[PDB]
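First the structure, in the form of structure tokens, and then the observations on it.
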Amino acid sequence: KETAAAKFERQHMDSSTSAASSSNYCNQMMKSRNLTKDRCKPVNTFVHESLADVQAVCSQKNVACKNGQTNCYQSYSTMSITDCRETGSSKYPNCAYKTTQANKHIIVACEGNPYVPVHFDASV
């Protein structure tokens with residue numbers, strides 16, 4: 001089955017664009033990445049950086065995750081991110097999202113060997 005590392009890439013990485021280019025970005029990406037297959041996922045964040053730069057966060061500032069776990073890491077630098085939030089008109093299977101561009105530090109949970117991101121915790 002898909003590994004947690006692979007799932008992170010699928011759900012969160014978009015190295016192909018520098019930023020969201022239109023209001024439809026979230027709608028398009030949430031669908032293409034299979035995030036809306038079973039239900040509309042309510043919130044999601046895409047990171048517009050190289051995968052290596054995001055993997056490197058696992059060796060950056062150790063911080064407690066929102067749930068209290070201690071395997072979270074905060075990036076030293078801000079990153080280009082897109083926030084996707086379900087709109088009032090969203091109705092499965094026609095999931096609808098608002099796209100918001102931001103530049104923020106990211107917080108991820110890391111696991112394994114190699115030690116890589118497996119969960120997106122927050123943007124600060």
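These residue numbers are counts, starting from 1, taken along the chain as shown.
For all residues, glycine too, the Cβ spot is worked out from N, Cα and C.
A sphere of 10 angstroms centred on the C-beta of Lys1 (glycation site) encloses 5 other C-beta atoms. Annotated glycation site per Swiss-Prot: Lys1 (among others), in sequence order, evidence recorded as experimental evidence.
Cβ environment of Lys7 (glycation site): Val118 lie under 8 Å away, each six or more residues apart in the same chain. Sequence annotations record features per position, and here Swiss-Prot assigns glycation site to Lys7 (among others).
Feature annotation from Swiss-Prot assigns active site, proton acceptor to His12. In the shown protein chains, 19 other C-beta atoms lie within 10 A of the C-beta of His12 (active site, proton acceptor).
In sequence order, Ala20, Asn44, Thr82, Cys84, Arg85, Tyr97, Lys98, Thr99 constitute the residues six or more apart from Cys26 (disulfide bond) in its chain with CB-CB distances below 8 Å. Under DSSP, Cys26 (disulfide bond) is assigned to a helix (H, G or I) in the three-state scheme. Among the features that Swiss-Prot reports, disulfide bond is placed at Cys26-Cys84 (among others).
Around the Cβ of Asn34 (N-linked glycosylation site), the number of neighbouring Cβ atoms within 10 Å comes to 11. In three-state terms derived from DSSP, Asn34 (N-linked glycosylation site) belongs to neither a helical nor a strand segment and is classed as coil. Sequence annotations record features per position, and here Swiss-Prot assigns N-linked glycosylation site to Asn34 based on experimental evidence.
Sequence annotations record features per position, and here Swiss-Prot assigns glycation site to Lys37 (among others) based on experimental evidence. Of all Cβ atoms in the protein chains displayed, 10 besides its own lie within 10 Å of the Cβ of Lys37 (glycation site).
DSSP assigns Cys40 (disulfide bond) to coil in the three-state reduction, outside any helix or strand. Counting only residues at least six positions away in the same chain, the Cβ atoms of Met30, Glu86, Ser90, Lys91, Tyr92, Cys95, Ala96 sit under 8 Å from the Cβ of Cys40 (disulfide bond). Annotated disulfide bond per Swiss-Prot: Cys40-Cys95 (among others), in sequence order, evidence recorded as experimental evidence.
Around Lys41 (glycation site), the same-chain residues six or more apart in sequence whose CB sits under 8 Å from its CB are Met30, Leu35, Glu86, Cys95, listed in sequence order. According to Swiss-Prot, the feature glycation site maps to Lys41 (among others).
Among the features that Swiss-Prot reports, disulfide bond is placed at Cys58-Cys110 (among others). Long-range neighbours of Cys58 (disulfide bond) (same chain, six or more residues apart, CB within less than 8 Å of its CB): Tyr73, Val108, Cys110, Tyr115, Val116, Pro117.
Neighbour density for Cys72 (disulfide bond): within 10 A of its CB lie 23 other CB atoms from the protein chains shown. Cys72 (disulfide bond) falls within a strand when secondary structure is assigned with DSSP. The disulfide bond annotation in Swiss-Prot covers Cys65-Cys72 (among others), and the record cites experimental evidence as its basis.
Here the Cβ of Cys84 (disulfide bond) has 22 other Cβ atoms within 10 Å, regardless of which shown protein chain they belong to. When the recorded positions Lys1, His12, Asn34, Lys37 are compared by Cα distance to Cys72 (disulfide bond), the shortest distance belongs to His12. In terms of C-alpha distance, the listed recorded positions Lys1, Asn34, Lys37, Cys65 place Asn34 closest to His12 (active site, proton acceptor).
Around the Cβ of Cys110 (disulfide bond), a 10 Å sphere holds 21 further Cβ atoms from the protein chains shown.
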